[PDB]
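These notes are about the structure you will find just below.
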Amino acid sequence: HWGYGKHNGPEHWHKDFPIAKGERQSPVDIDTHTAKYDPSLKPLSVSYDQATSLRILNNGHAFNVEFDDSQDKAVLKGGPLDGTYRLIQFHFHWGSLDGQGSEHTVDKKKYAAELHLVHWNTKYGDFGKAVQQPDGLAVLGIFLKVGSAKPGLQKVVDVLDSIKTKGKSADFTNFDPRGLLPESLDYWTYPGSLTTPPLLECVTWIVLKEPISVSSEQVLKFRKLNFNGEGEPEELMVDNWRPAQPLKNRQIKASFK
Ligand SMILES: CC(C)C(=O)Nc1nnc(S(N)(=O)=O)s1
Ligand SMILES: CC(C)C(=O)Nc1nnc(S(N)(=O)=O)s1
Ligand SMILES: [Zn+2]
């Protein structure tokens with residue numbers, strides 16, 4: 001089964017998921033000088049005030065904070081998007097060391113981690129149908145650098161001890177994802193894919209320019225999670241990131257000059 005190890009990591013995924021070598025794969029390097037400002041791009045509309053978190057799950061690849069997506073409670077609109085995209089979950093990708101961990105890079109720079117807030121286009125009714133469509137998902141990507149603590153992340157950090165191993169979940173209600181955003185909503189956007197199998201080419205990527213700061217202690221706690229299930233040899237959940245993929249016939253657009 002796919003993972004992030006030497007024998008099942010990103011270089012192997014194409015054997016089970018040939019789209020891994022497709023025309024709109026993610027992540028990519030964001031070459032800031034080549035991205036073009038698009039004055040027709042609208043400000044992002046992030047409406048998370050009514051978000052209803054439910055649960056946090058270690059799925060053996062990352063941890064997912066899941067939301068009630070049975071109504072328009074937490075939605076992403078505007079920016080490059082047509083229509084309304086409902087928040088379903090967020091998760092992170094992170095490194096074994098502070099110098100790596102992000103999936104997208106900025107002028108080849110790797111951040112310590114990257115947050116993905118996953119949303120699906122409500123015109124397709126459910127996430128499973130949305131992933132079959134070229135405009136099915138909008139993923140809001142936010143870089144993490146190590147510095148000051150992010151207070152809004154701490155409730156996530158503190159529950160990780162209860163979901164150490166693959167398949168463990170915990171109740172995770174009343175978490176406000178607004179506490180994970182940076183000040184600015186300036187962004188880059190391009191058409192891409194899920195960065196994990198099945199690697200479907202269904203994502204409008206919206207990557208914020210401003211990283212959030214998290215403390216070394218916060219990211220250290222991410223690195224104490226396990227890829228393995230309970231009672232199996234311990235494999236630290238680190239370096240669960242896919243490297244940058246060829247941009248191919250795509251232009252990255254910037255919302256800002
Ligand atoms: C892309 C594929 C493997 C996939 O993940 N499909 C899902 N369909 N519903 C989901 S759920 N429980 O988050 O709402 S995931
Ligand atoms: C579980 C389901 C709802 C889901 O969200 N699946 C994703 N698989 N890769 C994603 S990513 N790293 O491109 O944001 S999200
Ligand atoms: Zn992700």
Side-chain angles (χ1 to χ4, degrees), residues 2 13 17 19-20 22-28 41-93 103-104 114-143 156 169 172-181 185 187-208 240-242 245 250 252-253 255:
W2 72 269
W13 294 351
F17 305 95
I19 206 178
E23 298 303 307
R24 56 175 281 188
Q25 288 290 291
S26 296
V28 300
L41 281 173
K42 299 160 105 281
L44 271 187
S45 173
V46 186
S47 298
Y48 286 171
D49 48 282
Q50 297 295 130
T52 298
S53 63
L54 292 177
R55 190 179 73 143
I56 190 172
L57 169 69
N58 178 333
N59 67 6
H61 309 291
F63 63 86
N64 296 338
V65 174
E66 299 161 353
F67 287 78
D68 174 15
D69 69 346
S70 72
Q71 291 182 267
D72 279 348
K73 287 180 175 191
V75 301
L76 182 65
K77 295 183 171 59
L81 306 173
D82 294 331
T84 295
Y85 289 70
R86 202 171 286 174
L87 177 68
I88 177 164
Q89 61 109 284
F90 70 77
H91 61 274
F92 300 80
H93 305 262
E103 299 209 301
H104 294 88
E114 184 173 332
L115 163 63
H116 288 161
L117 294 131
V118 181
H119 312 74
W120 55 273
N121 192 327
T122 60
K123 83 194 195 141
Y124 302 123
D126 71 67
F127 178 90
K129 289 294 271 303
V131 299
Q132 309 178 52
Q133 321 299 151
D135 60 349
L137 293 193
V139 183
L140 180 60
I142 303 177
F143 295 118
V156 175
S169 64
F172 201 68
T173 53
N174 307 105
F175 179 78
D176 190 339
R178 293 177 295 188
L180 298 177
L181 304 176
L185 294 182
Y187 62 88
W188 296 283
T189 184
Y190 73 97
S193 72
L194 301 176
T195 70
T196 60
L199 300 171
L200 296 168
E201 293 182 332
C202 61
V203 179
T204 297
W205 275 95
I206 300 168
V207 179
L208 295 190
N240 57 350
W241 50 278
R242 189 192 197 188
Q245 300 300 306
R250 293 178 289 177
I252 301 177
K253 306 295 189 177
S255 74

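Residue numbers count from 1 along this sequence.
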Are [X] and [Y] side-chain neighbours, meaning at least one heavy-atom pair lies under 4.5 Å?
X    : Y    : value
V207 : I252 : no
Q71  : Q50  : no
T189 : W205 : no
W241 : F92  : no

Can you tell me which residue pairs pass the side chain to side chain donor-acceptor pair (under 3.5 Å) test with a partner in [range], sequence neighbours excluded?
range            : answer
residues 76-87   : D72-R86, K77-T84, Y85-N121
residues 125-135 : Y124-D135
residues 190-200 : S26-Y190, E103-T195, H104-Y190

Nearest 0.5 Å, please: how far is [atom2] in [Y] from [atom1] in [X]?
X    : Y    : atom1 : atom2 : value
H119 : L140 : NE2   : CG    : 6.0 Å
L199 : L194 : CG    : CG    : 7.0 Å
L87  : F67  : CG    : CZ    : 5.0 Å

Can you sort out the partners of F143 under ring-ring contact (aromatic ring centres under 6.0 Å, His included), two or more places apart, ordered by chain and number?
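Here the qualifying residues are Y111.
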Can you name the ring-ring contact (aromatic ring centres under 6.0 Å, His included) partners of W188, sequence neighbours left out?
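ring-ring contact (aromatic ring centres under 6.0 Å, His included) list for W188, sorted by chain: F256.
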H93 and its side chain to side chain donor-acceptor pair (under 3.5 Å) partner, picked from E114, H116, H61:
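Between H93 and the candidates, side chain to side chain donor-acceptor pair (under 3.5 Å) is satisfied uniquely by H116.
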Heavy-atom count check: over 12 atoms from other residues, nucleotides or ligands less than 6.0 Å from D49 CG?
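Count over threshold, so yes.
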Nearest heavy-atom pair of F172 and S53: which atoms, and what distance?
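Looks like O-OG, 2.6 Å.
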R178: side-chain hydrogen bond (donor to acceptor under 3.5 Å, both in side chains) partners, not counting sequence neighbours
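Expected list: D176.
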May I ask you to decide whether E201 forms a salt bridge with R24, counting only side-chain N to carboxylate O separations under 4.0 Å?
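Between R24 and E201 there is no salt bridge, as every charged N stays at least 4.0 Å from the carboxylate O atoms.
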